[PDB]
Amino acid sequence: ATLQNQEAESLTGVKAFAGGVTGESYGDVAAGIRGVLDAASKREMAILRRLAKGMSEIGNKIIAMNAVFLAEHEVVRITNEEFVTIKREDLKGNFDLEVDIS
Amino acid sequence: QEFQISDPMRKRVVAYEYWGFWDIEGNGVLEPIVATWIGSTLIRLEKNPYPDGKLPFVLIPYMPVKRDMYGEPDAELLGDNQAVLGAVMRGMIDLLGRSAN
Amino acid sequence: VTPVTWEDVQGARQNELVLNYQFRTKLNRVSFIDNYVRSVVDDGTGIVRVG
Amino acid sequence: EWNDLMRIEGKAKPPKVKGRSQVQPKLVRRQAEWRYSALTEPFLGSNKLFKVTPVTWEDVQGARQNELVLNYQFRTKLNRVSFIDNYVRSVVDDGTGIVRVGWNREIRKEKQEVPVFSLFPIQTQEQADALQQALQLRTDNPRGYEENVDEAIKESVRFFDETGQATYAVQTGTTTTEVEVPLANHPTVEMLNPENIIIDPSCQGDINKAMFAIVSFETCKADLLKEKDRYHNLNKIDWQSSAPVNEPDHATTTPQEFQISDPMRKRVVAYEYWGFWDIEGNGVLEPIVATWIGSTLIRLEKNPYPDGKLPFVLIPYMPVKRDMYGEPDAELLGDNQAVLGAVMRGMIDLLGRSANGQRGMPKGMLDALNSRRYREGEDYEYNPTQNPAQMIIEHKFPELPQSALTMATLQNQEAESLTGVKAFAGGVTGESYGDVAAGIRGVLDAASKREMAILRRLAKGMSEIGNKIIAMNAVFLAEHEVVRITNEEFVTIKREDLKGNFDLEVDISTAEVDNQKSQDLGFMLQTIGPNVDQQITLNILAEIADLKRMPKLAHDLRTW
Amino acid sequence: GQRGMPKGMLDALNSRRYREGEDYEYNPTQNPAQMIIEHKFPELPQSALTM
Amino acid sequence: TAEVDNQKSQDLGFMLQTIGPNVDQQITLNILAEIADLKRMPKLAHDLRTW
Amino acid sequence: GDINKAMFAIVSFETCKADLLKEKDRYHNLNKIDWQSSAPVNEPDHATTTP
Amino acid sequence: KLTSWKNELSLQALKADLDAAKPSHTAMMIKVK
């Protein structure tokens with residue numbers, strides 16, 4: 001029974017009561033001795049990259065929608081400041097904004 | 001399966017949506033369109049409304065396969081390990097349960 | 001949301017608030033993420049529709 | 001055969017035997033899985049993929065522009081995460097990786113109505129003031145001038161550029177005209193299936209010396225019609241033959257039976273020939289490209305890309321001496337995996353085929369009634385001649401021999417020593433790419449050196465991809481397209497200088513190599529007296545702001 | 001994984017019961033706990049690992 | 001190598017500290033210009049050489 | 001044991017007619033080669049990766 | 001009929017693609033199940 005558990009852990013890289021601390025260092029430079037990521041964290045960071053990319057693509061789709069489907073007064077109510085517009089022919093290219101999870 | 005609201009205005013029906021590119025002008029250029037039908041009747045057919053001009057779906061792979069669309073879960077690699085682990089565990093229980101005590 | 005060039009600072013600030021407002025009020029952020037991650041891990045791939 | 005070892009499909013599959021185990025530990029797959037994430041992370045651990053640096057002092061402006069344009073295309077026009085994942089896994093699994101670089105353009109015509117103006121040079125003082133406002137705004141903020149300046153004033157400014165005279169622009173009316181509205185106009189990269197590309201065998205291990213390369217790919221009639229005049233003899237294709245089923249040599253993921261009924265969207269297999277040919281018949285070789293579908297030529301022309309060589313890039317995993325292809329770690333682990341599987345199946349066959357939970361009783365201990373009592377869980381009485389404490393057999397699993405566990409350990413240890421990959425170890429080498437040796441607990445060990453070596457080949461390949469695209473951007477992007485991406489003055493490059501990358505160095509941008517650079521400016525700013533020159537101090541400060549991703553502050557410092 | 005049984009311990013019916021996973025009865029003259037042979041890998045000599 | 005480059009850069013820093021900065025502006029600029037080249041900042045090196 | 005003291009060195013390599021025509025006036029008597037013999041099969045002493 | 005395009009789609013044409021891609025989709029769902 002021990003061999004089956006150990007063989008499973010080596011392939012997937014998931015260990016019981018281990019890991020999970022990789023979310024504290026997303027987009028951050030390598031920390032000190034007891035903050036740097038080990039081999040297991042690198043495998044788990046790789047999956048987080050694909051998940052983070054997907055939310056970036058969702059955000060970019062919605063930002064394009066907000067430029068055509070929201071009236072001027074609707075945006076001004078949400079953000080109590082001057083409305084800044086974007087030309088319609090520039091919606092196909094995300095020249096101005098980068099979207100990432102915070 | 002058996003659930004069905006009696007009120008016709010609130011009945012639930014299954015609809016299909018088609019998102020893709022079609023030569024709407026018959027000249028060789030492809031345009032993004034969307035079509036919707038329910039029960040072999042067309043109810044909607046128009047160009048893509050969203051400014052992006054492409055399909056509104058997003059795909060996320062867990063373990064990416066080389067040059068393939070879908071993904072691979074970790075359950076694929078653990079199929080044989082789980083089965084053998086269960087056989088060993090059941091063997092111990094069969095040894096204690098079936099004995100006199 | 002961050003600007004790409006120097007003149008893009010104002011637009012990024014506006015879109016960050018509007019985008020975050022919609023996910024805070026018009027959608028259950030906790031429930032979506034829970035279904036988002038579990039769909040990817042269990043099925044091997046995740047598909048999300050935006051409308 | 002290498003792939004049949006990673007996924008147990010071919011000669012690596014144990015034979016089917018009834019009543020015996022068929023498991024197979026994935027030794028090769030396990031070793032590779034610990035390599036994928038260690039190599040992908042350096043390319044993905046930052047919002048910026050490419051770093052471009054000047055070679056000489058006058059090259060600073062050009063490098064800044066090309067860095068933004070190149071990174072913009074990979075951010076929006078391509079899925080960076082998906083490409084890298086396919087990029088690394090192709091190299092590790094197949095032993096070598098081939099990537100094709102191309103350009104996609106979808107210009108289309110459109111008819112609209114535009115105003116017409118009349119020009120009058122006589123003007124008041126305010127008109128001269130009005131004209132200089134636009135001219136200053138155009139230089140100070142190209143985007144602002146485009147968005148919030150009247151069309152009539154723009155025509156006067158446009159007339160100023162060609163002639164140098166300041167004139168009015170009076171709206172005389174409107175007229176209709178037809179123009180091309182840009183679509184796409186972006187570079188494309190993709191990983192090639194090694195079965196689909198054939199390279200000159202006589203290249204002597206170097207791709208730049210190969211005389212030809214042939215690539216097979218799927219295409220559609222609509223895709224061929226994107227470039228209307230590029231393809232000739234298009235009407236001679238039946239659009240029924242040359243299907244993937246009719247071209248068995250093309251390895252594709254498209255299902256065999258799949259076929260779209262719409263002729264405009266049908267999928268057919270096309271071949272492209274890239275090589276050198278004596279087109280003038282005088283002895284000089286020129287780069288050409290040819291395309292045929294189903295024994296009909298549809299394209300034949302000189303190489304369009306400024307580089308003047310094949311658009312393919314080859315990456316080896318473990319390089320073979322003076323050879324083109326590469327060697328994967330699955331080559332060395334073939335025998336270790338097979339022996340490890342045989343040992344593991346031996347243990348399972350020992351436990352599974354044995355009795356377990358079966359009770360055995362000797363005949364004659366318990367009489368006809370006491371036997372029923374024992375089997376029903378009650379107390380009993382037994383004949384004293386036989387001892388129940390030892391004559392009743394309770395079967396259980398046999399004990400594993402120690403040699404089975406020892407033999408499996410040697411196979412794992414031997415595999416680790418050759419490949420240099422260890423489970424739950426390594427992977428930290430991406431934090432020190434292009435960095436000086438760190439302290440005691442930061443320096444690389446022997447295993448990291450082997451893994452750094454592979455990262456060098458992967459990093460070189462992305463450098464070659466970046467250099468190819470930078471050349472493409474110099475000819476295929478108009479002035480206004482670049483100015484929109486980078487809100488600053490356009491800097492051009494002479495066409496005859498495209499063959500030599502005199503001005504720009506391309507390298508991947510890690511987050512440390514970025515923080516290390518920022519510390520260098522801080523040291524220089526401290527070293528140089530701040531009062532020696534305000535321009536030097538501002539320029540150093542402005543560059544630091546760019547590293548810390550604060551473009552607005554950088555603009556203020558540069559123009560303070 | 002090869003099983004060996006001595007001839008004469010189990011009669012014609014009890015032998016079938018043992019091989020079919022059921023309980024059985026055996027002749028007391030022979031002890032199943034030691035006369036039934038379950039073959040396994042031989043033990044590696046220490047000299048092989050040392051060399 | 002990268003160290004042999006950082007080691008050189010430290011040598012100029014030691015010499016700049018050792019020599020009085022006011023003994024000569026040309027000597028100070030020439031030392032500073034060489035450090036900029038090591039740190040891969042060609043634009044700054046050009047400014048110092050022609051300041 | 002020293003290369004600078006060797007009186008001669010002979011090297012075998014593959015080449016093409018187009019490569020020989022890059023330097024037009026460097027090579028003489030070029031028309032006397034049949035361009036059919038002297039192939040790698042006809043020169044067994046040359047070890048090459050070409051099939 | 002439903003639109004002014006000169007190559008307006010028919011419902012049978014739309015469903016034809018659905019039937020074509022179905023056998024490939026079914027195979028993948030076997031693995032997912």
# chains A, B, ... in the order shown; residues from 1 in each chain; ligands from 1

call {"tool": "residues_around", "arguments": {"residues": "residue 21 in chain C", "least_positions_apart": "5", "cutoff": "10 Å", "atoms": "only C-alpha atoms", "output": "PyMOL selection string"}}
result
(chain A and resi 78-79) or (chain C and resi 15-16+26-27)

call {"tool": "residues_around", "arguments": {"residues": "residue 60 in chain A", "least_positions_apart": "2", "cutoff": "9 Å", "atoms": "only C-alpha atoms", "output": "MDAnalysis selection string"}}
result
chainID A and resid 55:58 62:65 94 97:99

call {"tool": "closest_residue", "arguments": {"among": "B:45, B:30, B:14, B:60", "to": "residue 38 in chain C", "atoms": "only C-alpha atoms"}}
result
B:60

call {"tool": "select_by_dssp", "arguments": {"residues": "chain H", "states": "helix (DSSP H, G or I)", "output": "list in words"}}
result
residues 11, 12, 13, 14, 15, 16, 17, 18, 19, 20, 21, 22, 23, 24, 25, 26, 27, 28, 29, 30, 31 and 32 of chain H

call {"tool": "write_last_selection", "arguments": {"atoms": "C-alpha atoms", "output": "PDB file, in the first residue's frame"}}
result
ATOM      1  CA  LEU H  11     -31.049  24.960 -40.971  1.00  0.00           C
ATOM      2  CA  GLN H  12     -30.072  21.654 -42.584  1.00  0.00           C
ATOM      3  CA  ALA H  13     -26.662  23.118 -43.427  1.00  0.00           C
ATOM      4  CA  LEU H  14     -26.202  24.222 -39.815  1.00  0.00           C
ATOM      5  CA  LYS H  15     -27.146  20.793 -38.473  1.00  0.00           C
ATOM      6  CA  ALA H  16     -24.912  19.100 -41.051  1.00  0.00           C
ATOM      7  CA  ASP H  17     -21.806  20.435 -39.309  1.00  0.00           C
ATOM      8  CA  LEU H  18     -23.252  19.307 -35.981  1.00  0.00           C
ATOM      9  CA  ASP H  19     -23.623  15.756 -37.284  1.00  0.00           C
ATOM     10  CA  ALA H  20     -20.122  15.819 -38.781  1.00  0.00           C
ATOM     11  CA  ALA H  21     -18.360  16.874 -35.573  1.00  0.00           C
ATOM     12  CA  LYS H  22     -20.491  14.648 -33.326  1.00  0.00           C
ATOM     13  CA  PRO H  23     -18.504  11.381 -33.759  1.00  0.00           C
ATOM     14  CA  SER H  24     -15.280  13.133 -32.751  1.00  0.00           C
ATOM     15  CA  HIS H  25     -16.960  14.760 -29.751  1.00  0.00           C
ATOM     16  CA  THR H  26     -18.485  11.480 -28.557  1.00  0.00           C
ATOM     17  CA  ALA H  27     -15.092   9.764 -28.407  1.00  0.00           C
ATOM     18  CA  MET H  28     -13.659  12.442 -26.111  1.00  0.00           C
ATOM     19  CA  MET H  29     -16.660  12.307 -23.780  1.00  0.00           C
ATOM     20  CA  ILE H  30     -15.995   8.595 -23.239  1.00  0.00           C
ATOM     21  CA  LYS H  31     -12.637   9.456 -21.679  1.00  0.00           C
ATOM     22  CA  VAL H  32     -14.149  12.301 -19.645  1.00  0.00           C
TER      23      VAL H  32
END

call {"tool": "residues_around", "arguments": {"residues": "residue 3 in chain E", "least_positions_apart": "3", "cutoff": "9 Å", "atoms": "only C-alpha atoms", "output": "PyMOL selection string"}}
result
(chain D and resi 353-354) or (chain E and resi 36-39)

call {"tool": "write_last_selection", "arguments": {"atoms": "N, CA and C atoms", "output": "PDB file, in the first residue's frame"}}
result
ATOM      1  N   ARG D 353      -2.468 -13.782  -6.652  1.00  0.00           N
ATOM      2  CA  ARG D 353      -2.700 -15.192  -6.931  1.00  0.00           C
ATOM      3  C   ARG D 353      -2.710 -16.058  -5.680  1.00  0.00           C
ATOM      4  N   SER D 354      -2.463 -15.489  -4.508  1.00  0.00           N
ATOM      5  CA  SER D 354      -2.453 -16.258  -3.276  1.00  0.00           C
ATOM      6  C   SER D 354      -3.827 -16.245  -2.618  1.00  0.00           C
TER       7      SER D 354
ATOM      8  N   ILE E  36       2.087 -26.056   1.572  1.00  0.00           N
ATOM      9  CA  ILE E  36       1.691 -25.336   0.367  1.00  0.00           C
ATOM     10  C   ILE E  36       2.779 -24.328   0.033  1.00  0.00           C
ATOM     11  N   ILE E  37       3.342 -24.439  -1.164  1.00  0.00           N
ATOM     12  CA  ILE E  37       4.498 -23.650  -1.568  1.00  0.00           C
ATOM     13  C   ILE E  37       4.018 -22.464  -2.389  1.00  0.00           C
ATOM     14  N   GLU E  38       4.379 -21.265  -1.951  1.00  0.00           N
ATOM     15  CA  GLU E  38       4.124 -20.032  -2.689  1.00  0.00           C
ATOM     16  C   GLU E  38       5.480 -19.493  -3.126  1.00  0.00           C
ATOM     17  N   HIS E  39       5.797 -19.663  -4.403  1.00  0.00           N
ATOM     18  CA  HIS E  39       7.112 -19.305  -4.905  1.00  0.00           C
ATOM     19  C   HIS E  39       7.248 -17.794  -5.044  1.00  0.00           C
TER      20      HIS E  39
END

call {"tool": "interface_residues", "arguments": {"of": "chain D", "to": "chain B", "cutoff": "9 Å", "atoms": "only C-alpha atoms", "output": "compact mmCIF listing (two decimals) with N, CA, C and O atoms, in the first residue's frame"}}
result
# COMPACT_ATOMS: atom_id res chain seq x y z
N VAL D 23 0.16 -4.22 -15.04
CA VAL D 23 0.53 -2.84 -14.74
C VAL D 23 1.92 -2.53 -15.29
O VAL D 23 2.72 -3.43 -15.59
N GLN D 24 2.21 -1.25 -15.41
CA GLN D 24 3.50 -0.78 -15.90
C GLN D 24 3.78 0.61 -15.34
O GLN D 24 3.16 1.59 -15.76
N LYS D 26 5.19 4.22 -14.94
CA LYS D 26 5.55 5.18 -15.98
C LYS D 26 6.83 5.91 -15.57
O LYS D 26 6.82 7.07 -15.16
N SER D 82 -0.18 28.98 -23.93
CA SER D 82 -0.39 27.75 -24.68
C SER D 82 0.79 27.44 -25.59
O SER D 82 1.17 26.28 -25.75
N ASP D 85 3.75 26.06 -23.50
CA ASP D 85 3.48 24.70 -23.06
C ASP D 85 3.70 23.70 -24.18
O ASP D 85 4.28 22.63 -23.96
N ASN D 86 3.24 24.03 -25.39
CA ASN D 86 3.51 23.17 -26.54
C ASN D 86 4.97 23.25 -26.96
O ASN D 86 5.51 22.29 -27.52
N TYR D 87 5.62 24.39 -26.71
CA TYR D 87 7.01 24.56 -27.12
C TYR D 87 7.93 23.66 -26.30
O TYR D 87 8.79 22.96 -26.86
N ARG D 89 7.10 21.02 -24.26
CA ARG D 89 6.75 19.61 -24.29
C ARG D 89 7.14 18.95 -25.60
O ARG D 89 7.45 17.75 -25.62
N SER D 90 7.12 19.70 -26.70
CA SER D 90 7.57 19.14 -27.97
C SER D 90 9.06 18.83 -27.93
O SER D 90 9.51 17.80 -28.46
N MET D 191 4.13 25.25 -33.46
CA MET D 191 4.99 24.08 -33.39
C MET D 191 4.58 23.09 -34.47
O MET D 191 3.39 22.84 -34.67
N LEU D 192 5.57 22.52 -35.15
CA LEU D 192 5.32 21.60 -36.25
C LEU D 192 5.46 20.16 -35.77
O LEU D 192 6.36 19.84 -34.98
N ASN D 193 4.57 19.31 -36.24
CA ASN D 193 4.75 17.88 -36.04
C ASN D 193 5.98 17.44 -36.83
O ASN D 193 6.05 17.70 -38.04
N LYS D 221 -10.07 26.67 -48.69
CA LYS D 221 -10.19 27.57 -49.84
C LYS D 221 -10.36 29.01 -49.41
O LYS D 221 -9.85 29.92 -50.07
N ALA D 222 -11.07 29.25 -48.30
CA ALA D 222 -11.22 30.62 -47.81
C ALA D 222 -9.88 31.19 -47.37
O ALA D 222 -9.61 32.38 -47.58
N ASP D 223 -9.03 30.37 -46.75
CA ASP D 223 -7.71 30.84 -46.35
C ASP D 223 -6.85 31.18 -47.55
O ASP D 223 -6.10 32.16 -47.53
N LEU D 225 -7.95 32.33 -50.30
CA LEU D 225 -8.50 33.53 -50.91
C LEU D 225 -8.22 34.79 -50.11
O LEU D 225 -8.57 35.88 -50.56
N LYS D 226 -7.59 34.67 -48.94
CA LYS D 226 -7.20 35.86 -48.19
C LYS D 226 -6.20 36.69 -48.97
O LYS D 226 -6.30 37.92 -49.02
N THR D 253 -4.33 15.60 -36.32
CA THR D 253 -5.30 15.26 -35.29
C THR D 253 -6.73 15.31 -35.79
O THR D 253 -7.65 14.89 -35.07
N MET D 264 -16.51 26.01 -49.57
CA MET D 264 -15.68 27.15 -49.22
C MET D 264 -14.87 26.91 -47.95
O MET D 264 -13.83 27.54 -47.77
N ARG D 265 -15.32 26.00 -47.08
CA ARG D 265 -14.65 25.72 -45.82
C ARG D 265 -14.06 24.32 -45.77
O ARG D 265 -13.74 23.84 -44.68
N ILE D 348 2.79 -8.00 -7.53
CA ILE D 348 1.34 -8.07 -7.64
C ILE D 348 0.90 -9.50 -7.92
O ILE D 348 -0.09 -9.99 -7.35
N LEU D 351 0.85 -11.44 -4.60
CA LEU D 351 -0.25 -11.20 -3.68
C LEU D 351 -1.59 -11.60 -4.28
O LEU D 351 -2.42 -12.22 -3.60
N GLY D 352 -1.83 -11.26 -5.54
CA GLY D 352 -3.13 -11.50 -6.13
C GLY D 352 -3.46 -12.97 -6.29
O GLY D 352 -4.60 -13.39 -6.07
N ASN D 356 -6.42 -15.71 0.44
CA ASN D 356 -6.52 -14.72 1.50
C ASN D 356 -7.94 -14.71 2.03
O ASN D 356 -8.89 -14.58 1.25
N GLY D 357 -8.08 -14.85 3.34
CA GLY D 357 -9.39 -14.94 3.94
C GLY D 357 -10.02 -16.31 3.91
O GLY D 357 -11.17 -16.45 4.35
N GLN D 358 -9.33 -17.31 3.39
CA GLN D 358 -9.84 -18.67 3.37
C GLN D 358 -9.46 -19.39 4.65
O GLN D 358 -8.31 -19.31 5.10
N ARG D 359 -10.42 -20.08 5.25
CA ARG D 359 -10.22 -20.80 6.49
C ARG D 359 -10.07 -22.29 6.20
O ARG D 359 -10.83 -22.85 5.40
N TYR D 374 -18.91 -23.55 15.85
CA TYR D 374 -17.74 -22.74 15.55
C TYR D 374 -18.00 -21.83 14.36
O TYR D 374 -17.64 -20.65 14.38
N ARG D 375 -18.62 -22.37 13.31
CA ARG D 375 -18.87 -21.58 12.11
C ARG D 375 -19.98 -20.56 12.30
O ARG D 375 -20.11 -19.65 11.47
N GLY D 377 -20.23 -18.67 15.10
CA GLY D 377 -19.78 -17.65 16.03
C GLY D 377 -19.99 -17.96 17.50
O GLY D 377 -19.74 -17.08 18.33
N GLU D 394 -5.48 -19.82 8.82
CA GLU D 394 -6.02 -18.54 8.36
C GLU D 394 -5.04 -17.99 7.33
O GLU D 394 -3.98 -17.49 7.68
N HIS D 395 -5.41 -18.10 6.06
CA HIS D 395 -4.51 -17.72 4.98
C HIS D 395 -4.40 -16.21 4.86
O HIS D 395 -5.36 -15.48 5.12
N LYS D 396 -3.22 -15.75 4.45
CA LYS D 396 -2.97 -14.32 4.31
C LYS D 396 -1.92 -14.12 3.22
O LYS D 396 -1.39 -15.08 2.65
N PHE D 397 -1.62 -12.85 2.94
CA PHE D 397 -0.68 -12.53 1.88
C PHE D 397 0.71 -13.07 2.22
O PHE D 397 1.13 -13.03 3.38

call {"tool": "residues_around", "arguments": {"residues": "residue 14 in chain E", "least_positions_apart": "5", "cutoff": "12 Å", "atoms": "only C-alpha atoms", "output": "CSV table (one decimal) with N, CA and C atoms, in the first residue's frame"}}
result
chain,number,residue,atom,x,y,z
D,359,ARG,N,-10.4,-20.1,5.2
D,359,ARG,CA,-10.2,-20.8,6.5
D,359,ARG,C,-10.1,-22.3,6.2
D,360,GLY,N,-9.1,-22.9,6.8
D,360,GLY,CA,-8.9,-24.3,6.7
D,360,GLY,C,-8.9,-25.1,8.0
D,361,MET,N,-9.7,-26.1,8.1
D,361,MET,CA,-9.8,-26.9,9.3
D,361,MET,C,-9.5,-28.4,9.1
D,362,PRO,N,-8.8,-29.0,10.0
D,362,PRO,CA,-8.5,-30.4,9.8
D,362,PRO,C,-9.7,-31.3,10.1
D,363,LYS,N,-9.8,-32.4,9.4
D,363,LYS,CA,-10.9,-33.3,9.5
D,363,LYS,C,-10.8,-34.1,10.8
E,8,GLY,N,-2.4,-35.6,-1.8
E,8,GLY,CA,-3.0,-36.3,-0.7
E,8,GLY,C,-3.4,-35.5,0.4
E,9,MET,N,-3.3,-34.2,0.4
E,9,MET,CA,-3.8,-33.4,1.5
E,9,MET,C,-5.3,-33.1,1.4
E,19,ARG,N,-9.2,-24.1,-4.4
E,19,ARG,CA,-8.9,-23.4,-5.7
E,19,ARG,C,-9.9,-22.4,-6.1
E,20,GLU,N,-11.1,-22.5,-5.6
E,20,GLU,CA,-12.2,-21.6,-5.9
E,20,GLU,C,-12.4,-20.5,-4.9
E,21,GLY,N,-11.6,-20.4,-3.9
E,21,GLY,CA,-11.6,-19.3,-2.9
E,21,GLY,C,-12.5,-19.5,-1.7
E,22,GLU,N,-13.1,-20.8,-1.6
E,22,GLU,CA,-14.0,-21.1,-0.5
E,22,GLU,C,-13.2,-21.7,0.7
E,23,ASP,N,-13.8,-22.0,1.8
E,23,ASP,CA,-13.2,-22.7,2.9
E,23,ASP,C,-13.2,-24.2,2.5
E,24,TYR,N,-12.3,-24.9,3.3
E,24,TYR,CA,-12.0,-26.3,3.0
E,24,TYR,C,-11.7,-27.0,4.2
E,25,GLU,N,-11.5,-28.4,4.1
E,25,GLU,CA,-11.1,-29.2,5.1
E,25,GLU,C,-9.9,-30.1,4.6
E,26,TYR,N,-8.9,-30.3,5.4
E,26,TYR,CA,-7.7,-31.0,4.9
E,26,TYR,C,-7.4,-32.2,5.8
E,27,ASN,N,-6.7,-33.1,5.3
E,27,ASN,CA,-6.2,-34.3,6.0
E,27,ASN,C,-5.2,-33.8,7.1

call {"tool": "residues_around", "arguments": {"residues": "residue 7 in chain H", "least_positions_apart": "2", "cutoff": "6 Å", "atoms": "only C-alpha atoms", "output": "JSON list (two decimals) with C-alpha atoms, in the first residue's frame"}}
result
[["chain", "number", "residue", "atom", "x", "y", "z"],
["B", 24, "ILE", "CA", -22.67, 35.19, -46.05],
["B", 25, "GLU", "CA", -22.05, 37.19, -49.24],
["B", 26, "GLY", "CA", -21.07, 34.15, -51.32],
["H", 5, "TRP", "CA", -27.73, 37.97, -47.11]]

call {"tool": "residues_around", "arguments": {"residues": "residue 57 in chain B", "least_positions_apart": "6", "cutoff": "12 Å", "atoms": "only C-alpha atoms", "output": "PyMOL selection string"}}
result
(chain A and resi 54-55+57-58+61) or (chain B and resi 18-20) or (chain C and resi 46-51)

call {"tool": "closest_atom_pairs", "arguments": {"of": "chain A", "to": "chain B", "cutoff": "6 Å", "atoms": "only C-alpha atoms", "output": "tab-separated table"}}
result
residue	atom	partner	partner_atom	distance
A:1	CA	B:85	CA	5.7
A:4	CA	B:81	CA	5.5
A:92	CA	B:52	CA	5.6

call {"tool": "write_last_selection", "arguments": {"atoms": "C-alpha atoms", "output": "mmCIF file, in the first residue's frame"}}
result
data_model
loop_
_atom_site.group_PDB
_atom_site.id
_atom_site.type_symbol
_atom_site.label_atom_id
_atom_site.label_comp_id
_atom_site.auth_asym_id
_atom_site.auth_seq_id
_atom_site.Cartn_x
_atom_site.Cartn_y
_atom_site.Cartn_z
ATOM 1 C CA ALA A 1 0.000 0.000 0.000
ATOM 2 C CA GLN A 4 1.033 2.803 -4.424
ATOM 3 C CA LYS A 92 -10.245 44.609 -32.053
#

call {"tool": "residues_around", "arguments": {"residues": "residue 3 in chain F", "least_positions_apart": "2", "cutoff": "8 Å", "atoms": "only C-alpha atoms", "output": "mmCIF file with N, CA, C and O atoms, in the first residue's frame"}}
result
data_model
loop_
_atom_site.group_PDB
_atom_site.id
_atom_site.type_symbol
_atom_site.label_atom_id
_atom_site.label_comp_id
_atom_site.auth_asym_id
_atom_site.auth_seq_id
_atom_site.Cartn_x
_atom_site.Cartn_y
_atom_site.Cartn_z
ATOM 1 N N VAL D 436 24.534 36.685 -11.657
ATOM 2 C CA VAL D 436 25.775 36.267 -11.017
ATOM 3 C C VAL D 436 25.463 35.304 -9.875
ATOM 4 O O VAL D 436 24.352 35.273 -9.330
ATOM 5 N N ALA D 437 26.459 34.491 -9.519
ATOM 6 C CA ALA D 437 26.280 33.488 -8.477
ATOM 7 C C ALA D 437 25.849 34.137 -7.167
ATOM 8 O O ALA D 437 26.439 35.126 -6.721
ATOM 9 N N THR F 1 33.503 35.759 -18.746
ATOM 10 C CA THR F 1 32.505 35.180 -17.831
ATOM 11 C C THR F 1 31.810 36.325 -17.137
ATOM 12 O O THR F 1 32.253 37.471 -17.310
ATOM 13 N N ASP F 5 33.539 39.739 -15.072
ATOM 14 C CA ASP F 5 33.078 41.072 -15.444
ATOM 15 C C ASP F 5 32.689 41.883 -14.216
ATOM 16 O O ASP F 5 33.011 43.072 -14.122
ATOM 17 N N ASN F 6 31.994 41.257 -13.266
ATOM 18 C CA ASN F 6 31.641 41.955 -12.035
ATOM 19 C C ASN F 6 32.876 42.240 -11.192
ATOM 20 O O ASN F 6 32.961 43.287 -10.539
ATOM 21 N N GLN F 7 33.840 41.318 -11.190
ATOM 22 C CA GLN F 7 35.086 41.549 -10.466
ATOM 23 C C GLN F 7 35.822 42.761 -11.016
ATOM 24 O O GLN F 7 36.371 43.562 -10.252
#

call {"tool": "interface_residues", "arguments": {"of": "chain D", "to": "chain A", "cutoff": "6 Å", "atoms": "only C-alpha atoms", "output": "VMD selection string"}}
result
chain D and resid 30 37 424 to 427 485

call {"tool": "write_last_selection", "arguments": {"atoms": "N, CA and C atoms", "output": "PDB file, in the first residue's frame"}}
result
ATOM      1  N   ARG D  30       7.238   9.922 -15.642  1.00  0.00           N
ATOM      2  CA  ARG D  30       7.515  10.585 -14.375  1.00  0.00           C
ATOM      3  C   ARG D  30       8.726  11.499 -14.480  1.00  0.00           C
ATOM      4  N   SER D  37       7.685  21.671 -15.972  1.00  0.00           N
ATOM      5  CA  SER D  37       7.407  22.883 -15.212  1.00  0.00           C
ATOM      6  C   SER D  37       8.675  23.657 -14.888  1.00  0.00           C
ATOM      7  N   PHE D 424      10.717  15.524  -6.610  1.00  0.00           N
ATOM      8  CA  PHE D 424      10.655  16.529  -5.548  1.00  0.00           C
ATOM      9  C   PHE D 424      12.005  17.209  -5.344  1.00  0.00           C
ATOM     10  N   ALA D 425      12.698  17.491  -6.445  1.00  0.00           N
ATOM     11  CA  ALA D 425      13.974  18.186  -6.380  1.00  0.00           C
ATOM     12  C   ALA D 425      14.165  18.997  -7.653  1.00  0.00           C
ATOM     13  N   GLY D 426      15.035  19.997  -7.568  1.00  0.00           N
ATOM     14  CA  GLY D 426      15.293  20.857  -8.705  1.00  0.00           C
ATOM     15  C   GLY D 426      14.186  21.873  -8.920  1.00  0.00           C
ATOM     16  N   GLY D 427      14.162  22.430 -10.128  1.00  0.00           N
ATOM     17  CA  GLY D 427      13.140  23.372 -10.524  1.00  0.00           C
ATOM     18  C   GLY D 427      13.412  24.810 -10.138  1.00  0.00           C
ATOM     19  N   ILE D 485       0.681  51.583 -31.418  1.00  0.00           N
ATOM     20  CA  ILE D 485       1.109  50.689 -30.345  1.00  0.00           C
ATOM     21  C   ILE D 485       1.992  51.431 -29.350  1.00  0.00           C
TER      22      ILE D 485
END
